[PDB]
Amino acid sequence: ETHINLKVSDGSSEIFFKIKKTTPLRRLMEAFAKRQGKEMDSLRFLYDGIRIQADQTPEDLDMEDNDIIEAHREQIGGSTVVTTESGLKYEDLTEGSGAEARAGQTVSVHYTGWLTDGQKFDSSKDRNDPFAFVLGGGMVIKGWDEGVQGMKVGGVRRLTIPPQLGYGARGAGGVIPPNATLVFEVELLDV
């Protein structure tokens, strides 16, 4: 076999690639960034825990068919997944430099939401339409009221919301099933 299949995951979704075994991984890395809209985010691609160089081939890295490449935005101070008392998980992919969001403010965000299997169920970016809500008002699922608080303007935060802080046994929108854990990436546009 001269070709190899590889999966790239960023913790939110996944993309599969078929490339020649002797081809540098540069094109695969750029194609993943373009499709996920994370070109300017300076991604790092890891295989077996070691950062991939663009000029390295799957042959160089002794990759086998269906191996997995992990991609992430470069994290100053290391990756940190925070689990709160309620079971909500959040991860500051980009810490914002602006004002901090607090309960009672009308905040504006861009968001994409995925199920845990990587299937996207909604994205405000797909509509070129920022989403606004009153923080802490019970107008969104509980994981959002808890997880968006403390974000700073310009920040990107990934929320992993257990079902009892999301849509629970009911699901939502004819796409989110019962008992679904939800994954959101939220960019705070204004507070």
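Numbering starts at 1 and follows the sequence shown.
K.L.:
Mind pulling up the entry and telling me whether 39 to 47 or 26 to 34 has the higher mean Cα temperature factor?
P.N.:
The recorded data point to 39 to 47.
K.L.:
As stated in the PDB record, which stretch has the larger average Cα B-factor, 13 to 21 or 176 to 184?
P.N.:
Comparing averages over the C-alpha atoms only gives 13 to 21.
K.L.:
Of the options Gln56, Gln164, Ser123, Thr160, which has the highest CA B factor as deposited?
P.N.:
Checking the PDB record, the top C-alpha B-factor among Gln56, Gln164, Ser123, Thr160 is at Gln56.
K.L.:
In terms of recorded Cα temperature factor, pick the maximum from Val134, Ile68, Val153, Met63.
P.N.:
So the option with the highest C-alpha B-factor is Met63.
K.L.:
Of the three thirds of its chain by CA temperature factor, lowest, middle or highest, which one includes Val82?
P.N.:
Within its chain, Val82 is a middle-third residue by C-alpha B-factor, going by the deposited values.
K.L.:
In terms of the chain's CA B-factor thirds, is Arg102 lowest, middle or highest?
P.N.:
Middle third.
K.L.:
Mind checking which third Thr112 falls in for C-alpha B-factor across the chain?
P.N.:
It belongs to the lowest third of the chain when residues are ordered by C-alpha B-factor.
K.L.:
Is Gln75 in the lowest, middle or highest third of its chain when residues are ranked by C-alpha B-factor?
P.N.:
Highest third.
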